[PDB]
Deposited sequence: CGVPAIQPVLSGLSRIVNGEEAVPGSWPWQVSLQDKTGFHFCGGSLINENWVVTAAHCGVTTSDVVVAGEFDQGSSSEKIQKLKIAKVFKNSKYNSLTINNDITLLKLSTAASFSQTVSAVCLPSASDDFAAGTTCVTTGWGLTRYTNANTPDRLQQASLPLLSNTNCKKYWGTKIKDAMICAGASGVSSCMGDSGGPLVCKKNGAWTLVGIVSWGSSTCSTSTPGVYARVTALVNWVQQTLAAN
């Protein structure tokens, strides 16, 4: 997990404004969640061939579809996999008002076929420490909510929850982690999309997009579900299902 067959290329432009375009296929866990009609409404991350992790506030149902291996949403020519969802597992501690514990697992009806462009992100262990100031990466097609149709990426630093509260106040709970406010927007992250940090040569899922600045401010950090606080629930869910 966490080792893309096509290595990402992150330049200085990933750190400013709205980030930059990713190398095609270099974020191979990145999936698109689409409705029956093919409308993209959220992101997610493959954690193995049968399971995708996304945000609970995406409200995914078994009539939505996971699309893996995508780079250009405007293309009908690239190799993609449209994967049916068998069952949706929303974390029972999710609260649609506070948006805390904002995580949902999707079990696919049939396994994805992993490849150079389709593979899994690593999960952290509950006890991993991702220190404030660590540079991490968010990817997605979130800029299409407001514009490039190809997958974007931005590099941005984790904040301490204390410093995040200077921006978002009592909205920030222990099961959340913030990143950004460093001169780049977080808006390229789709709801439910990944925030990944590289430790020991492997990209690890540290956050899941919950919400960000309503104006995509370069000085307001994004807010993410804190995966270390939720990975025990993830592993219990996989083991029981």
property	result
Regions of the deposited sequence not represented in the model	147 to 150
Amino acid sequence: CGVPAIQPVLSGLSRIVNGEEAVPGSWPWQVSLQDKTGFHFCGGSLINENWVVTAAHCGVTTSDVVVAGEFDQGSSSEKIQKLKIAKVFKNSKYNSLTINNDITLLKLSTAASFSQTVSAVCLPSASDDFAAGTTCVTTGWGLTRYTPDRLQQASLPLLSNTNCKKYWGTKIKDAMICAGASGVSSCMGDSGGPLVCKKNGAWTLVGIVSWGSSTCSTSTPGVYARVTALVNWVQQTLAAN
From here on, numbers count along this sequence of modelled residues.
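Just so we're on the same page, rigid core means the largest C-alpha set that superposes within 1.5 Å between forms.
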query	finding
Outlying stretch relative to shown form, 148 to 156 versus 83 to 91 in 9 other deposited structures of this protein, C-alpha RMS (core)	148 to 156
More variable segment, 176 to 184 or 59 to 67 [Cα RMS over structures in 9 other deposited structures of this protein, core-superposed]	176 to 184
Third-or-more of other entries without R226	no
At least a third of the other entries leave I16 unmodelled	no
Mean C-alpha B-factor comparison - 120 to 128 and 72 to 80, higher one	72 to 80
Greater mean Cα temperature factor according to the PDB record, 209 to 217 or 44 to 52	209 to 217
Criterion, highest CA B-factor; candidates, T147, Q152, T104, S155	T147
CA B-factor placement of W141, once the chain's modelled residues are sorted into thirds	lowest
Ranked against its chain, the third holding the CA B-factor of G183	highest
Chain-relative CA temperature factor third for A112	middle
Where the record places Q235 (Cα B-factor, split into thirds across the chain)	middle
Within-chain third of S26 by Cα B-factor, per the entry	lowest
